[PDB]
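Peer 1: Kindly generate the corresponding structure for this input.
(one chain, ligands or ions: 2)
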Amino acid sequence: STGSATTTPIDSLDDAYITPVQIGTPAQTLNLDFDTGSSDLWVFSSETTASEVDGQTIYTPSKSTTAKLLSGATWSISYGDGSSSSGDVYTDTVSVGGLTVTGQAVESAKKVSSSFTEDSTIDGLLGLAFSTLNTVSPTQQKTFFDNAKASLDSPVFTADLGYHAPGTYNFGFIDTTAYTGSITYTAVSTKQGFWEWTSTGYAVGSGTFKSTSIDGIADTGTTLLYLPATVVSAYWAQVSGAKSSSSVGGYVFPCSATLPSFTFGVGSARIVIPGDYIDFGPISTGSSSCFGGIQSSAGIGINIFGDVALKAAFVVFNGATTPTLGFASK
Ligand SMILES: OC[C@@H]1CNC[C@H]1c1ccsc1
Ligand SMILES: OC[C@H]1CNC[C@@H]1c1ccsc1
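Peer 2: Numbering: from 1, shown residues only. Ligands and ions are numbered 1, 2, ... in the order given. You can find the structure just below:
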C-alpha cells in the first residue's frame, strides 16, 4: 500500500504545516501537524476542556463505530517550545492520503496548553519519530508509520514541504518526479528516539564550505533551524544590523535586509536554503525588526533541522531495519 497527502502552511510565514487525516467511521477529518520530532498522535476532542477549544475541529469518539476506549491508558506530553497536552486514549481507524491503519492509538486531549488553544488551524499532532518516544502509559503505543510499515510497498515516508506553498507527505514510495539530481542517504541514530543524523558542515551565502560535524534531528514539527552558536553567529554576521535580542528571544535583523543563503552538508552533497526562507517577518505588526529563521540551539541541548531546512529539500525517512535519512535538492 501507499498514501499521499497534501500538507499546507497554516499562515503566510510557514509557522507550521497541516495535513488532513481521516479518523473513525464515518470519517472525521482533522487537520494535524505531522511531527517527525514526536511520537504521539493526539487530537482535540469532545473530551477537551471546553474553555481550551477555540475554533479547532474535534474528534468525537462516541460518533465513531470503530472507536474503542484503550482502558486505563493516559498520555501527557511537553514540547520544546513549552506547550503541552494530556488525556486518555482510543483505538480507531486512521487514514492518511488513502493509506489506512486499523487499531491506531488516537490520544484524545482532556487538556491543552494556551498555545494550542490560541492556534485554531491545528486540530492535533501526528508523530512520526520512533515509537520509543510515545508517551502512552502504561502500555506504550506505536506511531501511524510504525503500524503502517509492514503494509507499505517500501518502509519509507517522505516530506516535501513547500516555501509559502503546499507540499506533500508520501507513505510507502519515493516519487522520483519530486526532486532533482540524486538522493544522498546518511546514517541515523535512534538512541534518543529521533531521526538524528550528522551534517557534514555549512556555508553562508557564497562563502567557502566549512567541514564540521553537526549532530541534529530532522524535525518537521519545529518551524526554525537551530544550530550551534558559532554557526549561527557566522550566519548573522553577514547581515548588516542583525543582532541577538534577549528581549525578543533570538536573532533579529532589519526588515530592509536581503538575507544570504545557508548551505548544509549531507555527506558530500549540499542543500541550499535560499535567504528568503530565513525571513520570519516583523517581530510585531508594523515593526521594522524581523525575526530570523536560523537561531542558536544553545540551551536546547540538541540541534534541530526544522522546517526552514527541510523545506529546501525532498527528505526520505527510511524506516528499514537500519533507518537512514535521504536528502535531495528540488
Ligand atoms: O517544539 C516541538 C518540537 C517539535 N518536535 C518535537 C519537539 C522537540 C524538538 C526537540 S526536543 C522536542
Ligand atoms: O504552541 C503550540 C502550537 C501552536 N502553534 C504551533 C504550536 C506547535 C507546537 C508543537 S507542534 C505545533
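Peer 1: all contacts plus neighbour counts: C-alpha atoms, from now on.
Peer 2: Will do.
Peer 1: contacting residues for the residue lying closest to residue 6 once chain neighbours are set aside?
Peer 2: Leaving out its chain neighbours, the residue that sits closest to residue 6 by CA to CA, 6 or more residues apart in numbering is residue 168, at 4.5 Å. With contact taken as CA atoms under 8 Å, 6 or more residues apart in numbering, residue 168 is in contact with 4, 5, 6, 7, 158, 159, 160, 161.
Peer 1: residues in contact with the last one?
Peer 2: Remark: with contacts taken as CA under 8 Å, 6+ apart, residue 161 is in contact with 7, 167, 168, 307, 310, 311, 312, 313, 314.
Peer 1: do the first one as well
Peer 2: When contacts are counted by CA under 8 Å, 6+ apart, residue 4 is found next to 96, 97, 98, 99, 168, 169, 170, 171.
Peer 1: helix/strand/coil for it?
Peer 2: The assignment at residue 4 comes out as strand when based on DSSP: H, G, I helix; E, B strand; the rest coil.
Peer 1: one step back: by neighbour count, which of the contacts of residue 168 wins?
Peer 2: Most neighbours among the contacts of residue 168, by other CA atoms under 10 Å: residue 161, with 28 neighbours.
Peer 1: For the spatially most central residue of the chain, give me its contacts.
Peer 2: Central residue of the chain (CA atoms, centre = their mean): residue 220, 1.8 Å from the mean position. Counting by CA under 8 Å, 6+ apart, residue 220 touches 34, 35, 36, 37, 306, 307, 310.
Peer 1: Around ligand 2, which positions in this structure sit nearby?
Peer 2: Within the chain, the positions adjacent to ligand 2 are 83, 115, 116, 119, 221 by CA under 6 Å from any ligand atom.
Peer 1: List only those of the residues you listed flagged as buried.
Peer 2: Buried members of these, counted by 16 or more other CA atoms under 10 Å: 116, 221.
Peer 1: Look up phi and psi at residue 119.
Peer 2: Backbone geometry at residue 119, expressed as degrees, to the nearest 10, gives phi -110, psi 100.
Peer 1: what residues are up against it?
Peer 2: Counting by CA under 8 Å, 6+ apart, residue 119 has contacts 54, 56.
Peer 1: So for whichever residue of the stretch 201-330 of the chain sits closest to ligand 2, what's the nearest residue that isn't a sequence neighbour?
Peer 2: Nearest residue of the stretch 201-330 of the chain to ligand 2, counting by CA to the nearest ligand atom: residue 221, 4.9 Å away. Nearest residue to residue 221, sequence neighbours excluded (CA to CA, 6+ apart): residue 35, at 4.2 Å.
Peer 1: Also residue 12?
Peer 2: Using CA to CA, 6+ apart, the nearest residue to residue 12 is residue 164, at 6.4 Å.
Peer 1: Enumerate every residue touching residue 127.
Peer 2: 34, 35, 36, 37, 38, 39, 40, 41, 143, 144.
Peer 1: Setting aside sequence neighbours, what's the nearest residue to the fourth one?
Peer 2: What that stands for is residue 37. Counting by CA to CA, 6+ apart, the residue nearest residue 37 is residue 219, at 4.7 Å.
Peer 1: hmm, back to that, could you rank the contacts of residue 4 by neighbour count and give me the top one?
Peer 2: residue 171 (28 neighbours).
Peer 1: Which residues does it form beta bridges with?
Peer 2: residue 3, residue 157 (DSSP bridges).
Peer 1: Is it correct that it is in contact with residue 2?
Peer 2: Yes. Assessed by CA atoms under 8 Å, residue 171 is found in contact with residue 2 at 5.4 Å.
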